[PDB]
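In what follows, one protein chain appears twice in different forms, each by itself as structure tokens: structure 1 and structure 2.
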Structure 1
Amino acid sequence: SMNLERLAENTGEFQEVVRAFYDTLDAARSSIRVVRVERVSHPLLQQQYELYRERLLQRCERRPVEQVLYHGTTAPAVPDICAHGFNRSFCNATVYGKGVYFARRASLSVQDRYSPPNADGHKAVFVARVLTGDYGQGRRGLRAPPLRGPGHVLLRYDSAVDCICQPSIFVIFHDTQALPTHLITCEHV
């Protein structure tokens, strides 16, 4: 909470982020209000992230290798994420693996079970760049992405998902594979 910077409502960056948030808010597009949007700066994690991104850009089948995704969290977790990035050791049921869950659609992250509100009724949703790369099928046992199986050089997939077909959830298992960029503070009207 020391490397957060509030964005004014009348700026390009605030509008990009908020528009993308409302576009994917579905069910609750008209119940949810935005209180605040803050830029997250973590120069070190960003460098560690860019190095991983270079390795994936050089060798992934799927495109894109990188996606913007939402992570709802508890008020107490906000300082840690801003200081350290996403920490899978805080693992709700780990249905698709013991990793950090990101959602394609904000509708999912903004639910009270993922972003529970605090005493002021404020809900914490992070926007993150995530190196999804080549994803495999998640399942509850997974302490890492699932094995690629025989005849692949790479031992494991980059991430795990609910469903390979149209995936809506990504589970990532490396501290450097997800960079928080913005903290959206929202509430139910």
Structure 2
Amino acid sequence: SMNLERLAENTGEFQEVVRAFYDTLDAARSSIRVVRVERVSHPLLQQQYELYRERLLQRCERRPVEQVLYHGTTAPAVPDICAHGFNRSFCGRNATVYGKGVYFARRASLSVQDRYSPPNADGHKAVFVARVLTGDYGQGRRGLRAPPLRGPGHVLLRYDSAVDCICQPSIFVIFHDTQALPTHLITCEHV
């Protein structure tokens, strides 16, 4: 099993991944076309992620502890994410407004913007689909190196993730190597 393989279009899995992507494209639904879908395989990261998930299901209060989220990226960054997973140390110096972590969107309409998934010379855009252990979340801010502090009224000292808004979150920020698993890569383009 190779790290990146084309997903056959005669499968229920292909139809389900494409339907969830279109369901959260909002105003961009009629201007985006799917070119192909690929399955990501990283056996060591998947096994380490599943152990973290089991621990969170036993400890965490909020349900669900896991969410399916989107991550737009550049064409040259694709092989490194497939081979090693997501890495907060490569966040860069620009626009880390909710901390030095890896950023995920609840809605495909955010990650499909050219500022997050810029097209290559052939017009193709890269958007990963990932299983993310969001658990209990707190407010994100610039300079965070780990999730924010819980404060008084809690035994645990830090949250599991950071967000843009604590009431209706649209962006989640992750600060641990085994807390997000890339499962699919959607290649898309402007109609």
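The term rigid core refers to the maximal set of C-alpha atoms that superpose within 1.5 Å between the two forms. All residue numbers here refer to structure 1's sequence, counted from 1.
Fit the rigid core and compare the CA positions between the two structures: of 33, 122, 152, 139, just 152 moves by 2 angstroms or more. Superposed on the rigid core, the forms differ at residue 181: its CA is offset by 0.3 Å between the two structures. Core-superposed comparison between the two structures: residue 8 shows a Cα shift of 2.0 Å.
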